[PDB]
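Before any questions on binding or motion, here is one chain by itself as structure tokens, the form deposited in one PDB entry.
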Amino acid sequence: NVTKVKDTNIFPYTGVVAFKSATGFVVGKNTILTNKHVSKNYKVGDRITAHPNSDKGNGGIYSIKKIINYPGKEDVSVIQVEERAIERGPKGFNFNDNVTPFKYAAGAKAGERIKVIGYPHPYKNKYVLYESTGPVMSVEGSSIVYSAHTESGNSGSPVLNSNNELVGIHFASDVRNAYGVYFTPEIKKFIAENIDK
């Protein structure tokens, strides 16, 4: 099922950020992940909003300071933001006080239930977070395939397991199956190198 997120300012939803019409999520200090197909539309200096709710409340508005695409076929891009918010969140100006990074799941298997969390319906200045659930269909190398309903606004969605641990990043749907990048060692390493320090 696909359900509107009741509280966008508690964990794990405090790990999600909104671009104008796609999603990303927090991986470390001043650092978010999304798809190359989303960040190709952005530039350094553009804004993202941390965990917005329906009614103009959020974890602050932050300016992108760097965009680092993963060198590989996989649809993964690292975005760093300026630590000091353009507009403060409720925990003040510092990005890192307002958001919560995810931790990697140990792995994932066909049959297990995952959640895809993002913004599948856009609006005139209104972000609504949804959570979509469904079983994993397979995992091979850097591909994780899941049957859970998504829309183009889910570009860049974290994919989480039952325990809210990170199993992949959503990038594509059909038309049915939807497709995320699974975090292989090679990909985790590029992310670790490129998290702000």
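Residues carry their position along the shown sequence, with the first being 1. In this text, rigid core is short for the largest set of C-alphas that superpose within 1.5 Å between two forms.
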With reference to the PDB entry, specify whether the mean Cα temperature factor is higher for 95-103 or for 122-130.
122-130
Can you tell me which stretch has the higher mean Cα B-factor, 187-195 or 1-9?
1-9
Of the choices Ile86, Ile79, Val76, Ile117, which one's C-alpha carries the largest B-factor in the record?
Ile86
Criterion, highest CA B-factor; candidates, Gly57, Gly45, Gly28, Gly156:
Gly57
What third of the chain does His149 rank in for C-alpha temperature factor, lowest, middle or highest?
highest
Per the entry's values, where does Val167 land by CA temperature factor relative to the rest of its chain, in the lowest, middle or highest third?
middle
Which third, lowest, middle or highest, does the C-alpha temperature factor of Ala178 belong to within its own chain?
highest
Taking the C-alpha B-factors as the PDB entry records them, is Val139 in the lowest, middle or highest third of its chain?
highest
Against its chain's modelled residues, does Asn53's Cα B factor rank lowest, middle or highest third?
highest
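Quick note: we don't show the form deposited in another entry, though the next part is all about it.
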Superpose on the core and compare between the shown form and the other one; which one of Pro122, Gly107, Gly92, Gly72 crosses the 2 Å Cα shift mark?
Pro122
Quick one: with a 3 Å or larger change, is the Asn125 to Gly45 CA distance smaller or larger in that other deposited form? Answer closer or farther.
farther
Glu82 and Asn125: do their C-alpha atoms lie closer or farther in that other deposited form than in the form you see, with a change of 3 Å or more?
farther
